[PDB]
>>> print(open('structure23.cif').read())   # mmCIF, C-alpha atoms and all ligand atoms
data_structure
#
loop_
_atom_site.label_atom_id
_atom_site.label_comp_id
_atom_site.auth_asym_id
_atom_site.auth_seq_id
_atom_site.Cartn_x
_atom_site.Cartn_y
_atom_site.Cartn_z
CA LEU A 1 202.14 226.56 107.10
CA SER A 2 202.84 223.65 109.35
CA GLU A 3 206.08 223.17 111.15
CA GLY A 4 207.50 220.80 108.41
CA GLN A 5 206.14 222.89 105.55
CA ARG A 6 207.84 225.99 106.84
CA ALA A 7 211.14 224.22 107.29
CA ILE A 8 210.97 222.70 103.72
CA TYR A 9 210.09 226.21 102.28
CA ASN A 10 212.97 227.95 104.05
CA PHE A 11 215.47 225.24 103.16
CA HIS A 12 214.54 225.80 99.44
CA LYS A 13 214.89 229.59 99.83
CA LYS A 14 218.27 229.13 101.43
CA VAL A 15 219.59 226.67 98.70
CA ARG A 16 218.59 229.15 96.00
CA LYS A 17 220.17 232.09 97.86
CA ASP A 18 223.35 230.04 98.38
CA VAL A 19 223.66 228.99 94.67
CA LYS A 20 223.38 232.73 93.67
CA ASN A 21 226.30 233.53 96.01
CA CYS A 22 228.86 230.76 95.37
CA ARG A 23 227.84 228.85 98.41
CA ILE A 24 227.11 225.51 96.69
CA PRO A 25 230.53 223.82 96.45
CA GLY A 26 231.89 223.23 92.94
CA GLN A 27 228.79 224.70 91.23
CA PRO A 28 228.88 227.94 89.19
CA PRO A 29 226.85 230.72 90.78
CA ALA A 30 223.51 231.56 89.30
CA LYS A 31 222.86 234.88 87.61
CA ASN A 32 219.11 235.01 88.39
CA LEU A 33 216.44 232.65 90.02
CA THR A 34 212.83 233.50 90.34
CA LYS A 35 211.72 233.96 94.05
CA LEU A 36 209.70 230.94 95.14
CA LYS A 37 206.17 231.54 96.41
CA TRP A 38 204.28 228.92 98.37
CA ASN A 39 201.15 227.69 96.65
CA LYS A 40 198.29 226.08 98.55
CA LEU A 41 196.99 224.04 95.64
CA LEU A 42 200.45 222.50 94.92
CA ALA A 43 200.77 221.79 98.73
CA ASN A 44 197.39 220.08 99.03
CA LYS A 45 197.94 217.96 95.98
CA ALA A 46 201.36 217.06 97.41
CA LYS A 47 199.65 216.08 100.66
CA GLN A 48 196.90 213.92 99.09
CA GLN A 49 199.73 212.09 97.25
CA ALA A 50 201.89 211.73 100.34
CA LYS A 51 198.90 210.34 102.42
CA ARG A 52 198.86 207.24 100.15
CA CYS A 53 202.21 206.42 101.64
CA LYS A 54 203.37 205.05 98.23
CA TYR A 55 206.80 206.30 97.06
CA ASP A 56 206.55 205.07 93.41
CA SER A 57 202.98 205.85 92.46
CA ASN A 58 203.24 208.21 89.72
CA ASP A 59 200.40 208.09 88.39
CA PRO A 60 200.21 211.07 86.00
CA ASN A 61 196.97 212.24 87.93
CA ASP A 62 199.50 213.51 90.57
CA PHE A 63 200.87 215.95 87.96
CA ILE A 64 197.57 217.55 87.01
CA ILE A 65 197.06 220.45 89.39
CA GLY A 66 194.72 223.42 88.76
CA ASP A 67 195.81 225.28 85.63
CA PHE A 68 199.53 224.75 85.89
CA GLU A 69 200.94 223.77 82.51
CA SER A 70 203.84 221.92 83.93
CA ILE A 71 204.50 220.45 87.37
CA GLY A 72 207.82 219.10 88.64
CA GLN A 73 208.07 216.88 91.75
CA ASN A 74 210.73 215.79 94.22
CA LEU A 75 210.04 212.77 96.48
CA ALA A 76 211.82 211.58 99.65
CA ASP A 77 211.34 208.46 101.80
CA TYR A 78 213.16 209.49 104.96
CA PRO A 79 213.09 209.36 108.74
CA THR A 80 213.33 213.18 109.04
CA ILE A 81 212.43 216.22 106.91
CA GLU A 82 215.85 217.80 107.24
CA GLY A 83 217.51 214.60 106.24
CA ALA A 84 215.30 214.47 103.14
CA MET A 85 216.17 218.15 102.23
CA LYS A 86 219.85 217.51 102.65
CA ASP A 87 219.72 214.34 100.59
CA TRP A 88 218.06 216.24 97.71
CA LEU A 89 220.58 219.11 97.98
CA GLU A 90 223.79 217.04 98.04
CA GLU A 91 222.97 215.59 94.72
CA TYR A 92 224.91 218.65 93.62
CA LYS A 93 227.99 216.35 94.05
CA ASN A 94 226.78 214.39 91.04
CA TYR A 95 226.03 217.29 88.74
CA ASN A 96 228.27 218.82 86.07
CA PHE A 97 226.87 222.08 84.94
CA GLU A 98 229.33 222.66 81.99
CA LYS A 99 228.39 219.36 80.38
CA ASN A 100 224.97 219.29 81.88
CA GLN A 101 225.71 215.76 82.94
CA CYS A 102 224.94 213.71 85.90
CA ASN A 103 226.76 210.93 87.65
CA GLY A 104 223.90 209.10 89.48
CA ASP A 105 220.88 211.19 90.47
CA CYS A 106 220.71 214.98 90.05
CA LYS A 107 216.95 215.44 89.49
CA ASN A 108 216.07 216.64 93.02
CA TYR A 109 218.98 219.15 93.19
CA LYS A 110 218.30 220.49 89.68
CA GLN A 111 214.63 221.04 90.41
CA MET A 112 215.52 222.90 93.69
CA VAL A 113 217.74 225.39 91.81
CA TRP A 114 215.54 225.61 88.71
CA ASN A 115 215.55 229.22 87.68
CA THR A 116 212.01 229.56 86.13
CA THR A 117 210.25 227.72 88.96
CA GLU A 118 207.98 230.17 90.76
CA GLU A 119 205.54 228.21 92.91
CA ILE A 120 206.29 225.46 95.38
CA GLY A 121 204.07 223.47 97.70
CA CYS A 122 204.98 220.42 99.77
CA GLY A 123 203.06 217.81 101.74
CA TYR A 124 204.26 214.91 103.84
CA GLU A 125 202.82 212.00 105.81
CA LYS A 126 204.26 209.77 108.43
CA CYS A 127 204.09 206.28 107.06
CA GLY A 128 205.54 204.02 109.74
CA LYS A 129 209.09 204.70 110.60
CA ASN A 130 209.55 207.25 107.70
CA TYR A 131 207.87 210.26 106.05
CA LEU A 132 206.80 210.17 102.47
CA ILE A 133 207.65 213.82 101.49
CA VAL A 134 206.23 215.20 98.15
CA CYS A 135 207.27 218.69 96.85
CA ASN A 136 205.49 220.03 93.81
CA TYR A 137 207.02 222.81 91.77
CA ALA A 138 205.45 225.05 88.95
CA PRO A 139 206.65 225.20 86.26
CA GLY A 140 208.64 221.99 86.49
CA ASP A 141 212.13 221.56 85.20
CA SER A 142 213.46 220.04 81.95
CA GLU A 143 216.59 218.19 81.00
CA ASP A 144 218.52 221.52 80.46
CA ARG A 145 220.80 223.35 82.85
CA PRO A 146 218.92 224.85 85.82
CA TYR A 147 220.01 228.49 85.37
CA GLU A 148 222.42 230.94 83.64
CA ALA A 149 225.87 231.15 85.27
CA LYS A 150 227.50 234.48 86.32
CA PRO A 151 231.15 235.12 87.15
CA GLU A 152 232.25 233.99 90.61
CA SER A 153 233.53 237.63 91.29
CA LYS A 154 229.98 238.80 91.43
CA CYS A 155 230.06 236.84 94.69
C1 LIG B 1 216.65 230.73 83.12
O1 LIG B 1 217.69 230.04 82.47
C2 LIG B 1 217.69 230.09 81.06
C3 LIG B 1 218.85 229.36 80.44
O2 LIG B 1 218.93 228.03 80.90
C4 LIG B 1 217.74 231.53 80.62
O3 LIG B 1 217.81 231.61 79.22
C5 LIG B 1 216.49 232.23 81.08
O4 LIG B 1 216.47 233.59 80.68
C6 LIG B 1 216.45 232.16 82.58
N1 LIG B 1 215.20 232.74 82.97
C7 LIG B 1 215.07 233.29 84.14
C8 LIG B 1 213.71 233.74 84.51
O5 LIG B 1 215.97 233.42 84.91
#
>>> encode(input="structure23.cif", output="structure tokens")
Amino acid sequence: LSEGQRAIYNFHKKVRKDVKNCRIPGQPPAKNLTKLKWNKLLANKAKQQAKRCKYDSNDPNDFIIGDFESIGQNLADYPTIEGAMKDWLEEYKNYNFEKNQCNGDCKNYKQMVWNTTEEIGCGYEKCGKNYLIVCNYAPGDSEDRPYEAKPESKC
């Protein structure tokens, strides 16, 4: 993994560890989340997409990757990788787990804490001032809640 790739991978590991341990503010802790494994095919497809330097593109070809049945995707148009990661994460401020409802945009946060997601790979390209960052996830998420809650005492 590149420098950026490794940082994006660890930031996702850390978010998922945090949500299991009451460390995402105002969000119930998660009972279980599959461990993410990096996947080279997701990462390369992410990278071919990000090299176009088009944020909206999307393009259902970008969602057909090897044999995966379902692919989710988070996109960021941002001057730094860490800023992008933090922007996706803090969408947790908009998300109500009990009602499964969102005020504004929750899609990036929900995909990061999606309990059945197993494979991740991410790709980014410098496109002028900013990066286009593409993360692909397998399986992708749905409109449901991201995980099963567990009692905050188990933290
Ligand atoms: C993920 O969450 C769903 C409920 O939203 C739960 O029924 C399912 O068993 C969970 N699966 C895993 C692998 O954690």
>>> residues_around(input="structure23.cif", residues="range 102-106 of chain A", least_positions_apart="4", cutoff="9 Å", atoms="all atoms listed in the file", output="PyMOL selection string")
chain A and resi 88-97+110-111
>>> residues_around(input="structure23.cif", residues="residue 58 in chain A", least_positions_apart="6", cutoff="12 Å", atoms="all atoms listed in the file", output="ChimeraX atom specification")
/A:46,49-50,52,64,72-75,134
>>> atom_distance(input="structure23.cif", atom1="CA of residue 78 in chain A", atom2="CA of residue 107 in chain A")
17.0 Å
>>> closest_residue(input="structure23.cif", among="A:146, A:151, A:79, A:66", to="ligand LIG 1 (chain B)", atoms="all atoms listed in the file")
A:146
>>> residues_near_ligand(input="structure23.cif", ligand="ligand LIG 1 (chain B)", cutoff="7 Å", atoms="all atoms listed in the file", output="ChimeraX atom specification")
/A:32-34,115-116,144-148
>>> atom_distance(input="structure23.cif", atom1="CA of residue 114 in chain A", atom2="CA of residue 135 in chain A")
13.5 Å
>>> closest_residue(input="structure23.cif", among="A:13, A:20, A:31, A:6", to="residue 149 in chain A", atoms="only C-alpha atoms")
A:31
>>> closest_residue(input="structure23.cif", among="A:154, A:60, A:16, A:10", to="residue 109 in chain A", atoms="only C-alpha atoms")
A:16
>>> residues_around(input="structure23.cif", residues="residue 130 in chain A", least_positions_apart="6", cutoff="12 Å", atoms="only C-alpha atoms", output="list in words")
residues 50, 53, 54, 55, 76, 77, 78, 79, 80, 81, 83, 84 and 124 of chain A
>>> atom_distance(input="structure23.cif", atom1="CA of residue 85 in chain A", atom2="CA of residue 122 in chain A")
11.7 Å
>>> residues_around(input="structure23.cif", residues="residue 41 in chain A", least_positions_apart="3", cutoff="10 Å", atoms="all atoms listed in the file", output="list in words")
residues 38, 44, 45, 46, 47, 65, 66, 119, 120, 121, 122 and 136 of chain A
>>> closest_residue(input="structure23.cif", among="A:108, A:70, A:100, A:2", to="residue 86 in chain A", atoms="all atoms listed in the file")
A:108
>>> residues_around(input="structure23.cif", residues="residue 18 in chain A", least_positions_apart="5", cutoff="10 Å", atoms="all atoms listed in the file", output="ChimeraX atom specification")
/A:12-13,23-25,29-30,113
